2 protein chains.
Amino acid sequence: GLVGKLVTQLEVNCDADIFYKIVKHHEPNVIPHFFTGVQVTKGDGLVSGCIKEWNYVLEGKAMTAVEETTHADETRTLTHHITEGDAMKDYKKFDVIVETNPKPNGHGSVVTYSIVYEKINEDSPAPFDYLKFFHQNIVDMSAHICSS
Amino acid sequence: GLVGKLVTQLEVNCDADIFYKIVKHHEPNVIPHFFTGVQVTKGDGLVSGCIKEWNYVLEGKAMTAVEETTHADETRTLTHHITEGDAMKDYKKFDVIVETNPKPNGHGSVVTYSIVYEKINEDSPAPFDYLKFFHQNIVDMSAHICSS
Ligand SMILES: COc1ccc2c(c1OC)C(=O)O[C@@H]2[C@H]1c2c(cc3c(c2OC)OCO3)CCN1C
Ligand SMILES: COc1ccc2c(c1OC)C(=O)O[C@@H]2[C@H]1c2c(cc3c(c2OC)OCO3)CCN1C
């Protein structure tokens, strides 16, 4: 079993469009990390995404990744496409999709982080360490937001 | 953020209906575990599910759970409803849903394990330890199945 998807989904008490705009422009200073890179424009000169080389520590180990980020405001979706780095030692493909939708309910939101992956071989782990990291990051972010 | 869902999804090279029937009637002897319990019938005397008290070891720690299992052959869905045990020290609600579907592709299958949870409080973990356990269990099972 080489192709798979891991998901964490969380309910948040926040309008979906508002929350998407917050996620779009905000990424946990206690965790060691920084990036360098560039922004990407669409042709009208407005930034449409970015390409970042990250340096970060995951479960104690220093790592690097190169990620291209795109967004879809119409569907409140952010897509992170990893092309290089430590994760590519385990995965042929590694993409992180973040979606925010109103609860069928109506008022609050459901945020979904999906990691869509293809392992290099059967001996590769599934990216549970990344899922927990992304989960804790969005829980941390959401805990700094309140009504009104 | 108290309500959420964790998912692992895996592609398997097996007809969906065949694979569902295998999952339905098969549960990793190297992991210490046993259950006692009863089967549940629907009214025509045929077994429709079961109610099990499990004793198992998760990440080294002995635990117990009481689980009621139901199935839906029409949708190839198994549902495990945990009512008691160590997990209920962290979660108000804990349900494990296993779905098997044909690939839009056509030939093989996509298996989805979902853990639908509600934490007791903000200090409760999300059930990443259970997700990894269920994942490894279905990978182990699927590795013992081959074509023809
Ligand atoms: C605190 O340090 C970090 C900063 C930012 C991120 C992470 C991180 O700490 C492990 C991370 O995990 O998520 C993001 C980053 C990122 C993504 C995907 C990645 C990745 C990333 O940056 C490290 O590297 C491997 O695949 C998707 C989202 N994007 C914003
Ligand atoms: C090897 O030992 C085990 C046997 C069977 C199971 C597990 C297990 O080892 C942790 C487990 O995890 O999955 C199943 C069990 C089970 C489920 C859900 C549970 C649970 C379970 O039994 C321990 O306890 C907490 O919630 C859903 C599926 N069902 C069949």
Side-chain angles (χ1 to χ4, degrees), chain A residues 23-35 37 49-50 52-69 78-91 94-98 113-115 117 127 129-138 140-141, chain B residues 23-35 37 49-50 52-69 78-91 94-98 113-115 117 127 129-138 140-141:
Chain A
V23 184
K24 184 172 171 190
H25 297 285
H26 177 301
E27 50 211 348
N29 303 317
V30 180
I31 295 81
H33 71 282
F34 60 79
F35 67 87
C50 56
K52 286 177 178 179
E53 186 200 73
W54 288 92
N55 286 261
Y56 58 103
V57 179
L58 179 55
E59 296 184 356
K61 182 182 171 50
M63 294 179 199
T64 191
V66 177
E67 131 193 286
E68 173 155 11
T69 291
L78 306 154
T79 296
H80 308 287
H81 174 61
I82 287 69
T83 53
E84 305 217 333
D86 283 83
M88 305 283 99
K89 288 176 187 167
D90 292 314
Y91 305 111
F94 189 101
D95 292 282
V96 183
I97 301 174
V98 186
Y113 266 74
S114 297
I115 302 171
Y117 66 88
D129 52 356
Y130 286 98
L131 197 69
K132 171 174 292 191
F133 177 83
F134 302 141
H135 186 266
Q136 275 163 4
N137 181 85
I138 198 66
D140 162 87
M141 199 205 83
Chain B
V23 184
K24 184 172 171 190
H25 297 285
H26 177 301
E27 50 211 348
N29 303 317
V30 180
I31 295 81
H33 71 282
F34 60 79
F35 67 87
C50 56
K52 286 177 178 179
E53 186 200 73
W54 288 92
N55 286 261
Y56 58 103
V57 179
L58 179 55
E59 296 184 356
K61 182 182 171 50
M63 294 179 199
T64 191
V66 177
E67 131 193 286
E68 173 155 11
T69 291
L78 306 154
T79 296
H80 308 287
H81 174 61
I82 287 69
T83 53
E84 305 217 333
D86 283 83
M88 305 283 99
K89 288 176 187 167
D90 292 314
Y91 305 111
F94 189 101
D95 292 282
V96 183
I97 301 174
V98 186
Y113 266 74
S114 297
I115 302 171
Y117 66 88
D129 52 356
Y130 286 98
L131 197 69
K132 171 174 292 191
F133 177 83
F134 302 141
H135 186 266
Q136 275 163 4
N137 181 85
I138 198 66
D140 162 87
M141 199 205 83

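One-based numbering, in listed order, for ligands and for the atoms of each. A note on names: the letters A, B, ... follow the listed sequences, proteins ahead of strands, and every chain is numbered from 1. Side chains included, hydrogens not; waters and symmetry mates left out as well; all remaining heavy atoms used.
- Here the protein heavy atom with the shortest distance to atom 13 (O) of ligand 1 is A/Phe134 CE2, 3.0 Å.
- A side-chain donor-acceptor contact under 3.5 Å links A/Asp86 to the backbone of A/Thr64.
- In this structure, atom 6 (C) of ligand 1 lies nearest to the protein heavy atom A/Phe133 CE2, 4.2 Å.
- Closest to atom 2 (O) of ligand 2, if we only count protein heavy atoms, is B/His33 CB, 3.0 Å.
- Neither the backbone nor the side chain of A/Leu58 has a heavy atom within less than 4.0 Å of ligand 1.
- By the 3.5 Å distance cut-off applied to N or O atoms, B/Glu67 is counted among the residues near ligand 2.
- Closest heavy-atom contact between B/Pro127 and B/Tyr91: N-OH, 3.1 Å.
- Between A/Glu84 and A/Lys89 there is no salt bridge, since no side-chain nitrogen of the basic residue lies less than 4.0 Å from a carboxylate oxygen of the acidic one.
- Counting only heavy atoms from C-beta outward, the side chains of A/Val30 and A/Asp140 never approach each other to under 4.5 Å.
- Near B/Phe94, meaning under 4.0 Å from one of its heavy atoms, ligand 2 places the atoms 26 (O).
- The aromatic ring centroids of A/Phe34 and A/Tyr56 lie 6.0 Å or more from each other.
- Using 4.0 Å as the threshold, B/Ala87 has no heavy atom nearer than that to any atom of ligand 2.
- Nearest protein heavy-atom contact of atom 26 (O) of ligand 1 is A/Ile82 CG1, 3.3 Å.
- Minimum interatomic distance between A/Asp129 and A/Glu59 (heavy atoms only, all atoms of both residues): CB-OE2, 3.5 Å.
- Counting heavy atoms only, A/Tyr56 comes closest to atom 23 (C) of ligand 1 of the residues A/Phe34, A/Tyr56, A/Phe35.
- Distances below 4.0 Å separate heavy atoms of B/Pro28 from the following atoms of ligand 2: 1 (C).
- The closest heavy-atom contact to atom 22 (O) of ligand 1, among the options A/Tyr130, A/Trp54, A/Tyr113, comes from A/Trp54.
- If you run side-chain contact (heavy atoms from CB on, under 4.5 Å) between A/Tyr130 and each of A/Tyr113, A/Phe94, A/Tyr117, only A/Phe94 comes through.
- Between the side chain of A/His33 and the backbone N or O of A/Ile31 there is at least one donor-acceptor pair closer than 3.5 Å.
- Remark: minimum distance from atom 20 (C) of ligand 1 to any protein heavy atom is reached at A/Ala65 CB, 4.4 Å.
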